[PDB]
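One-letter residues, chain by chain:
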Amino acid sequence: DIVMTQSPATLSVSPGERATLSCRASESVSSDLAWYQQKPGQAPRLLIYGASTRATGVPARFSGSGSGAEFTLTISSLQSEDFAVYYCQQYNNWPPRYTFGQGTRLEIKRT
Amino acid sequence: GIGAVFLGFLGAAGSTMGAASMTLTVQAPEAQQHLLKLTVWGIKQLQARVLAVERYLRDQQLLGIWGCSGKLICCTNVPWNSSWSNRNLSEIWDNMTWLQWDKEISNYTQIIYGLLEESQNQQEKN
Amino acid sequence: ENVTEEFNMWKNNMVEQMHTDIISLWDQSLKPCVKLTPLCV
Amino acid sequence: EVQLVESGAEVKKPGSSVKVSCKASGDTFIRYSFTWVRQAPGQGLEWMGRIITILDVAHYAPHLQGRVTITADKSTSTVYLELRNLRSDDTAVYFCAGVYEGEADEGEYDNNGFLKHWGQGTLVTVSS
Ligand SMILES: *[C@@H]1O[C@H](CO)[C@@H](O)[C@H](O)[C@H]1NC(C)=O
């Protein structure tokens, strides 16, 4: 099958600054990017699917835009309890071969 | 040509079967794409004419099995047997026509051919 | 002219020929993602 | 939009087979598409199988094909799971997630590839 990767694996960015993460694949990613966030010990939650469509019951802070091989997410306010994993998904093949990313972990710079 | 004896005319027929035997004896730019598509349009006519002539030869082979060959009209020495759809000469003369004549002899055609073939093989040696 | 032919729109075999030809046309032209054929006994 | 009445864990000892139940009730069941996902401890998620509820078709990954089947029935309206030759590292938390895919009974469909609704999961306890 085909498998994509997310780089960097983790970002050591303190809260209060803009964060933009993109998962890049060898093939087209302009319209089949799925974004997930899973809290440790719970089932994952979709944030943005189709790279532009917003999952039902999710605060308007999250969003997904961009074009071609450059996709960005804009955050107006950051929430500490929102710190969790970030999963990328691409399902642009039939018969269906879905391969997840590996997840990116972000943590507040505790002293 | 000789294929016109099969089907190349607007022959109305319809007239009496008996009286129909009278008619029996009386019977560009050099474009590459256009050329390559006309090739099949022409082979589809060569097939027709060639099939006409081999079918003619097949009928003559069968007629040679039946004795008379090259003969438009034959008089074989087999009297008509009434066992196949007993009728009378008046009806056969009046109410019949060539296209309308096969509809009653369709079932007896094979046995008629069979007897006609078998009424000859004994003549060769005795 | 002066010819009468016993046509039959219902026992025509050209219809069956067309049906088989169109079946073979769609089987190649339209690709179904997930086909299902019973083929009972 | 969809409520789940899935069974418990009933995970047998290693070296046997497992029958993970996935049950949804309270509403329709046939409209949704179902995706099974594995999650090993500390690793990323891994898609494992998909079944189309109204077509009863299944699609597995190339390497686990011939090693797992996903069976379902509509009279009781549930989806099971079969694992053979179970191996210790295969111990992972499972999810039988579902997605609404339009009025399947009337024939309409969406066949979305995303996953929105997820099950409770599966609980494991490792000891000597
Ligand atoms: C057959 O019909 C044609 C016109 O349709 C007519 O000229 C001809 O005389 C008719 N022949 C017979 C035998 O009825």
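That block above? That's the structure.
Structural notes, computed from the coordinates.

Quick notes on the overall build of chain A
The helix and strand tally for chain A stands at 0 helices and 7 strands. Ordered by position from the N terminus, the helices and strands of chain A form the series β-β-β-β-β-β-β. For a compact globule of 111 residues, the expected C-alpha radius of gyration is about 13 Å, and chain A comes in at 14 Å, within 12% of that figure. With the C-alpha coordinates of chain A rotated into their principal frame, the extents come out at 45 × 25 × 25 Å. Relative to its full complement of 111 residues, chain A shows a buried share of 40%. For chain A, long-range pairs separated by at least 24 residues make up 51% of all intrachain contacts whose partners lie at least 6 apart in sequence. As displayed, chain A offers around 6300 Å² of accessible surface, 52% of which is attributable to carbon and sulfur atoms.

Some words on the arrangement of the chains
In this assembly, 4 pairs of chains are in contact, and the pair contributing the most contacts is chains A and D. At no point do chain A and chain B touch; the closest pair of C-alpha atoms across them sits 39 Å apart. Chain B makes no contact with chain D; the smallest distance between any of their C-alpha atoms is 45 Å.

Comments concerning the pairing of strand β2 (residues 22-25) of chain D
Where strand β1 (residues 3-4) of chain D and β2(D) come together, 2 bridges link them in antiparallel fashion. Bridge pairing links D:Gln3 to D:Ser25 in β2(D).

Let's talk about the packing of aromatic side chains
Within this structure, the stated rule accounts for 10 aromatic pairs over all chains. Relative to D:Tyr100, the ring of D:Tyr32 lies with its centre 6.3 Å away and its plane at 65 degrees, an arrangement referred to as edge-to-face. Placement of D:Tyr32 in the loop between β2 and β3 (33-39) and of D:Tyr100 in the segment after β10 (93-99) is noted, with a sequence separation of 68 residues between them. Residue classification places D:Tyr32 among the buried positions, given a relative accessible area of 3%. Seen in terms of ring centroids, D:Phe95 and D:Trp118 are 6.1 Å apart; in terms of plane orientation they differ by 90 degrees. Their pairing is edge-to-face. Of this pair, D:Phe95 sits in strand β10 while D:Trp118 is found in the segment after β10, placing the two residues 23 residues apart along the sequence. Residue class for D:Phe95 comes out buried when judged on its relative accessible area of 4%. Taken together, the ring pairs in this structure connect A:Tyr36, D:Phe95 and D:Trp118 into an aromatic cluster.

Observations regarding the state of the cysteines
Within this structure, the stated rule accounts for 3 disulfides over all chains. A disulfide bridge connects B:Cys68 with B:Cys74, and the sulfur atoms are separated by 2.0 Å. An S-S torsion of about 85 degrees defines the bridge between B:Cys68 and B:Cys74 as right-handed. Look at B:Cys68 and you get buried, because its relative accessible area is 8%. A sulfur-sulfur distance of 2.0 Å marks the disulfide that ties D:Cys22 to D:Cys96.

Examining empty space enclosed by the protein
All names here are of chain A. Looking at the largest cavity, its volume works out to about 80 Å³. What lines the largest cavity is simply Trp35, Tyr36, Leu47, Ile48, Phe62, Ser63, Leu73 and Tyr86. Going through the elements one at a time, β1 (34-37) and β2 (45-49) are the ones with two or more residues in the lining of the largest cavity. Classifying every residue of the lining of the largest cavity by side-chain character gives 7 nonpolar, 1 polar and no charged. Quantified by volume, the second largest cavity comes out at close to 60 Å³.

Considering the interface of chain D and chain A
Listed per partner, the contact involves 20 residues of chain D and 18 residues of chain A. Across the chain D to chain A interface the summed buried area is about 1800 Å²; carbon plus sulfur atoms make up 62%. The interface formed by chain D and chain A includes 7 residue pairs in polar contact. Secondary structure elements with two or more residues in the side of chain D that touches chain A: β3, β4 (45-52) and β5 (57-60) of chain D. Broken down by element, the side of chain D that touches chain A gets its largest block of residues, 4 residues, from β4(D). In the side of chain D that touches chain A, the residues fall into 10 nonpolar, 7 polar and 3 charged.

Basis of the calculations
- Residues numbered from 1 in each chain as written, not as in the entry; some residues may be left out.
- Chains lettered and ligands numbered in written order.
- Part of a larger assembly, values for the part shown.
- Heavy atoms only, no water.
- Residues with missing side-chain atoms left out of burial classes, pairs and counts.
- Helix = DSSP H or I, 4+ residues; strand = E, 2+ residues; numbered from the N terminus.
- Rg over C-alpha atoms; globule rule 2.2 N^0.38 Å.
- Buried < 20%, exposed > 50% of the residue type's maximum accessible area, 1.4 Å probe, protein only.
- Contact = heavy atoms within 4.5 Å.
- Areas by Shrake-Rupley, 256 points an atom, 1.4 Å probe, with all protein chains shown as cover.
- Pairing = 2+ DSSP bridges.
- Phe/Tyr/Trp six-rings, centres within 6.5 Å; stacked < 30°, edge-to-face > 60°.
- Disulfide = S-S within 2.5 Å.
- 1 Å grid on protein atoms, 1.4 Å probe; cavity = no way out; pocket = protein on both sides within 12 Å on 5 of 7 lines; lining within 4 Å.
- Points joined across faces, edges and corners; volume = space filled by probe spheres on them.
- Nonpolar A, V, L, I, M, F, W, Y, C, P; charged D, E, K, R; others polar.
- Buried area = accessible area lost by both parts, 1.4 Å probe.
- Polar contact = N/O pair within 3.5 Å; in protein donor to acceptor, adjacent residues only side chain to side chain.

Nothing here speaks to function; it is geometry throughout.
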